[PDB]
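Breakdown of the fold
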Number of protein chains: 2
Amino acid sequence: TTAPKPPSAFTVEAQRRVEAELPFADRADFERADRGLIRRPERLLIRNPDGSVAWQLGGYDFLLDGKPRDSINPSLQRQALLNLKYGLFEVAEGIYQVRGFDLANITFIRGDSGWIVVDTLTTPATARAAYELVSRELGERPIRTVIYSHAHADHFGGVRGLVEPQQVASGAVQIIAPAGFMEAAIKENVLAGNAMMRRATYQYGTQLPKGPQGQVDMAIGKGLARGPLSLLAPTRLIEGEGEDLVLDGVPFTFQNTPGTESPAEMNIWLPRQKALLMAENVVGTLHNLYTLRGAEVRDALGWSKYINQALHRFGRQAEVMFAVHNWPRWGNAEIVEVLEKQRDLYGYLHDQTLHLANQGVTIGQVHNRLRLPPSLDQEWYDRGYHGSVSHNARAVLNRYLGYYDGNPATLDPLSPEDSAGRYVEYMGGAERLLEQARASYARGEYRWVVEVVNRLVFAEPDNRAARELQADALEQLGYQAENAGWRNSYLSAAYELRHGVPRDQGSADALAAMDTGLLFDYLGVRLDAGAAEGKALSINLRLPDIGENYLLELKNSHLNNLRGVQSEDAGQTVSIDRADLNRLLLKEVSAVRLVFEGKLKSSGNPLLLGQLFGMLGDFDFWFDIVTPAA
Amino acid sequence: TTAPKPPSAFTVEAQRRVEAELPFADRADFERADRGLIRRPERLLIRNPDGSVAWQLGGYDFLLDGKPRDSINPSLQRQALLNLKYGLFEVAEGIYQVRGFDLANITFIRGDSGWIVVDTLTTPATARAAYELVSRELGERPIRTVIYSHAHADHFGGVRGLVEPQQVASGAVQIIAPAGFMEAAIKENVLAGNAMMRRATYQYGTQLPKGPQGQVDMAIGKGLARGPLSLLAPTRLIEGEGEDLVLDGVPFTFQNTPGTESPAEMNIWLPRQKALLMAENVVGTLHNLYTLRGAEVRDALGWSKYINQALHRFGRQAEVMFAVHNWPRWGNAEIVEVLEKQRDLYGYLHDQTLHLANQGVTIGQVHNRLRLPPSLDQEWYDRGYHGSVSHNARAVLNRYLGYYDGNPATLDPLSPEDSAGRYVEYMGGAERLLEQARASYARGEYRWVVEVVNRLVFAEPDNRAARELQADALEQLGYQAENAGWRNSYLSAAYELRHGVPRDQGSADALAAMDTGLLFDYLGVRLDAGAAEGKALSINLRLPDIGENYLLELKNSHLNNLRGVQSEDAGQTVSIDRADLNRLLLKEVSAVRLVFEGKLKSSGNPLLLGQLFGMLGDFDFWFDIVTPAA
Ligand SMILES: [Zn+2]
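What this report covers is the structure whose coordinates are included nearby.

Criteria and cut-off values
Residues numbered from 1 in each chain as written, not as in the entry; some residues may be left out. Chains lettered and ligands numbered in written order. Heavy atoms only, no water. Residues with missing side-chain atoms left out of burial classes, pairs and counts. Least-squares fit on C-alpha atoms. Pairing = 2+ DSSP bridges. Helix = DSSP H or I, 4+ residues; strand = E, 2+ residues; numbered from the N terminus. Axes fitted to C-alpha atoms, helices over the stretch in contact; angles between N-to-C directions. Contact = heavy atoms within 4.5 Å. Patch = residues over 30% accessible without salt bridge, like charges linked within 9 Å, V, L, I, M, F, W, Y side chains within 5 Å. Areas by Shrake-Rupley, 256 points an atom, 1.4 Å probe, with all protein chains shown as cover. Salt bridge = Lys/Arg side-chain N within 4 Å of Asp/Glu carboxyl O. Polar contact = N/O pair within 3.5 Å; in protein donor to acceptor, adjacent residues only side chain to side chain. Buried area = accessible area lost by both parts, 1.4 Å probe. Buried < 20%, exposed > 50% of the residue type's maximum accessible area, 1.4 Å probe, protein only.

**Some remarks on the relation of the copies chain A and chain B**
When chain A is fitted to chain B, the residual RMSD is 0.2 Å, and the transformation amounts to a turn of 180° plus an axial shift of 0.0 Å. A rotation of that kind, with that shift, is consistent with a two-fold axis. Proximity to the rotation axis, assessed at the C-alpha, singles out A:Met427 in chain A; its C-alpha lies 2.1 Å from the axis.

Laid out in structure tokens, this is it:
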């Protein structure tokens, strides 16, 4: 059947073990999550300018229940309720935080005559709503200082919700960020963008229903708010290892931690109330060293060090700690213990992975073998909600040693769809394979069943019996999975196997921020080698509104973009502004018109730039994952 | 049987396709390789001070034939037999190179009154041997400038063979290197060293005999010379993007290319002779973006543009090009097209991998589908000798998106040894799996056979029939394998599962160079969680011969070093020098003498440091790869 099955007896008993060993007599996190609530809006609906849904939490009503459901992991079910502790919160003399608007939090710190703000959610609407609440609840104050904690969309993404560019241009509003902020913001999210996003749909569960048979939590969040993406340039940068500043008469102490959530990130220390804002490093869960989305593997060793530096600099004198995702801690003894265990967590994760790896434990091997120590294992903020011990362990191994396990058997393997054919024949034809796979499904051997049947799934891309067996084999792992990404992934996969892929379905300031070089590297990725092959050309560009001068070269099916140098024996010369070249590529205007406006001047052959853009292709967003290409 | 089998009818057929499509007509590389020979010693051996072999070439006599052997790839033979053109070579007025004394080359540049040297090779023996040859061939001149091209052992490894610390300390000898050299030099082959080196045994073929049914070449050189490792610190660093300098009345122009072969690396331009030294960027082959030994993936994008910048600054005026591994090129028209294609090669790899990846292609597919264009595919320096299109392509995908293919079937798989049993049972189990694999082996489905039989190999670790068959299947791929690492690996694997794993079997300068932080991280890696756990301590180090102050902490089975800080309610304080803490760790001396000698000061409980070092474990070098743990 094409509909979610109930949990198996093995699945329920697995949920019993999670509740058995792992200690949840201690619900103190709830006690800390509520506490200091100012006022909780009873209905939450946030709306976009175009009219669509940005954010809504009535889809999660079913968790208010306070009753265990064995289609969800009871540890994840905790973290789900604790992220339903939404509303506006006291921390501080002068320190308040809005929460449950959006995946991230937003911090409001009262300057003697205005607001100082950390981070802007994910999209303008969520930021608007938060600012209107803060304004309505504790008096209307103008925002004067905006702090990007680090380069990630959920934190900078709703900046024009709060402020207009003219307010920054007048010098009446500050924007502060850790050095290298712009660099980090983009460069990731770009050249492998289509793949990451399409992969992400599994991780987040954009497909998913919002029920006990579906999405429940995003672990640092309920989920990601969904609208446009804003970004404004940092006026000030926190260079070096950190800086102590005064802004609207409030003392701040920034501490750079490059390499942790992000390549540019910093922790904030507020002295006259002894509050420590630990950024995305220290949060209510084990974080991703390697997001399943697709990313460069993050440095867990430097992550641990920078927590340890943060402990000795601040932890002693800090009596309240809080973060950009999730919810604060009070009493310095609790804070110190947390920071110690968080430091040692990522450290243990790094050191013991490499310890095992050095005894020849493979990238296949390790996740099954590496198990946490009781002291770390047995606190909540160390549970694999966002990150996971498993996939973080093989991320670390992958970072140091790459993908290749060591065995040459796995060195030049066939594509799984080409080897799928054989794997089926060998077994016993298609249907013998089925009933022993289905026998091992009755055993409770689920994470075997997924690996094996997946081979038949690729051999037989339309075999209903294979697809919907694999589906409820996967979806059962999704039920008992503690990790949110894992759950959402297993369920999004099953949903797609059963009901097919969606047949039926960027942001300006990101592209404006995007460096000319990087943009043209993305154009070179987009290039079609079929058109390419054999041809060769040389285009000069002049971009006067940024003042940068590029040289484009095409030989051997590859495009090459070179700043600020250009040969005069080239094929064509082009003169065009940056902001309108964006407009051209964003597909808001045509080129011919740009010519008649008097801002596209060309000498030499006029046709090369035309052909080149003809050689550029595009990528189908909805490509298959759990099946071969249809 | 347990001996190498001759090639199959499919292997020979494959070797004759290699003859067919590749342009073997043009053997120009041979007359370039021989070009400028001063004298070729008839009989080379190089010895160590201890008395062992450092380097020979009498093992490769079989390739001086010129007659095709289908147990080897004909393109690999070609590259092998080109790398046998050893001896001392002229390049231009005042530019000389020694090749075939080690994996690398060593360059000698005529100053008006002394030598200027680039690279010092694997070990002191080989370097000294080269300097003696240069002396008695063209006159004994003193070396007074040493240039490390980049941070890699095959280039800096034999520095002590040329110069003493005497001569550097006086200021009579210069050591020049690109900025970030040393740090680059170490951190990489450290924390995952044991793993990296044991894996390397396959890649290099340290076990392998040296025949047509064994090791043939190392692609960028015959193999690696094998003695001690020497390292002397850089006196001056090339900072920024580059620097133009004069040494002994000779003009140089250094161009930094950080992120290629190495995190710290530079191309050298000699304007008088008009020659271009391109370091490890442009060589006689496609270079690794990911060494199979195990490393973080190299940035191919930056590689391509730093080649393009070199082309435009030098290539126009360049008249002879040469490199640190292999052999030069003459005539600027050739140079330019080489640099064009080399640039466009790495750029095509990077771009079209991501093109395919953004179009939905997984890590398990890309290598099969990505195929080079004719212009690049057909030239010798673009052939996958050292690197390979296949494993480089997956490395790029792995860099941007990590190991996870996308399918949750592959998310939480079993360790192959745990799933091995079931793969056997339910193909029908051990012997009926065997004959159908044999049936596949009779077709020439070799790279299938290796994957499937390997499951049985892990299920049944001592099953001769499985391991011998797998060996024959593996080695026959190694016969056809154009890539040298691939050949050496496939063969090394086959040898190991045939004859078992060898039952019967560090550097000072490196360890003195190794940062105190990094060292203590490696200690933290070496920690045994078993002993550790539950325990907690706080050691407090003073290191006066370097003047650095460290705090060691142990909680939650994890060790945390921290410089420039130390708490005065710690557990135990210690004062000890670097140099003798090295001699302690290296096991040159015991701690007790080091006390009585008068260099070990201890305050507070003095037992903690002793206990901590007790908690430290160690790693067996010879672990199993192609079998499970015996
Ligand atoms: Zn976030």
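**Thoughts on the sheet that holds strand β19 (residues 558-563) of chain A**
Residue and element names in this part refer to chain A. Spatial strand order, β19-β18-β17-β20-β21: five strands in an open sheet with mixed pairing. Only two strands of the sheet have a single neighbouring strand rather than two, namely β19 and β21 (600-604). The sheet shows a mean angle of 20° between the axes of neighbouring strands, taken without regard to direction. Strand direction decides the pairing type here: strand β20 (residues 572-576) and β21, joined by five bridges, are antiparallel. Counterpart to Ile576 in the pairing with β21 is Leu600. Against the sheet, helix α21 (residues 578-585) makes contact with β17 (537-543) and β20, and its axis sits at roughly 100° relative to β20, the strand it touches most.

**Some thoughts on a nonpolar patch on the surface**
There is a patch of nonpolar side chains on the surface, built from A:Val592, A:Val595 and A:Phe596 and spanning about 330 Å² of accessible area. Assignment of secondary structure puts A:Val592 in helix α22 (residues 591-597).

**Let's talk about the pairing of strand β3 (residues 53-56) of chain A**
All names here are of chain A. By the bridge criterion, three bridges tie strand β2 (residues 45-47) to β3 in an arrangement that is antiparallel. The residue bridging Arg47 from the neighbouring strand is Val53, located in β3. Following β2, the chain reverses through five residues before pairing antiparallel with β3; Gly51 in that reversal takes a positive phi of roughly 115°.

**Things to note about the side chain of B:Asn407**
Turning to its location among the elements, B:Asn407 is positioned in the loop between α13 (389-401) and α14 (416-425). At 3.0 Å, the side chain of B:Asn407 forms a polar contact with the backbone nitrogen of B:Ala409. Apart from residues no more than four positions distant in its own chain, B:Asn407 is found in contact with A:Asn454, A:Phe458, A:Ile625 and A:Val626.

**Details of the sheet that holds strand β15 (residues 320-322) of chain A**
Residue and element names in this part refer to chain A. A sheet is described by the order of its strands in space; here six strands give the open sequence β11-β12-β13-β14-β15-β16, paired in mixed fashion. Strands at the two margins of the open sheet, each flanked by one partner only, are β11 (242-247) and β16 (329-330). Along the sheet, helix α9 (residues 300-315) makes contact with β11, β12 (250-256), β13 (266-270) and β14 (275-277), crossing β12 at roughly 150°. On the sheet, helix α10 (residues 332-358) packs against β14, β15 and β16 and is oriented at approximately 45° with respect to β15.

**Side note on the interface of chain A and chain B**
The figure often quoted for interface size is the accessible area lost as the parts come together. On the side of chain B, 116 residues touch chain A, which itself brings 114 residues to the contact. Carbon and sulfur atoms supply 54% of the area buried between chain A and chain B, which totals about 10200 Å² over both sides. Counting the surface chain A buries against chain B, the share from its top three residues, A:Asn358, A:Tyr403 and A:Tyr426, is 9%. Scanning the region where chain A abuts chain B turns up nine salt bridges. One salt bridge in this structure joins B:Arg447 and A:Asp412, with 2.7 Å as the shortest N-O distance.

**Focus on the pairing of β13(A)**
Residues and elements named next belong to chain A. Counting buried positions along β13 gives five out of five residues, so the element sits mostly inside the fold. Where burial is concerned, the two faces of β13 agree: the one with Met266, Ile268 and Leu270 and the one with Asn267 and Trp269 are both buried. Pairing between β12 and β13: four bridges, direction antiparallel. Its bridge partner being in β13, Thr253 is matched across the sheet by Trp269. If you look at the hairpin formed by β13 and β14, you'll find four residues sitting between the two strands, and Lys274 has a positive phi there, around 55°.

**Structural notes on the side chain of B:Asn540**
All names here are of chain B. Examined against the element boundaries, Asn540 turns out to sit in strand β17 (residues 537-543). For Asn540, a relative accessible area of 5% translates into the label buried. A polar contact is formed between the side chain of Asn540 and the backbone oxygen of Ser567, at a distance of 2.8 Å. Among residues more than four places away in sequence, those in contact with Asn540 are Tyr550, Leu551, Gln566, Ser567, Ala570, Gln572, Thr573 and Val574.

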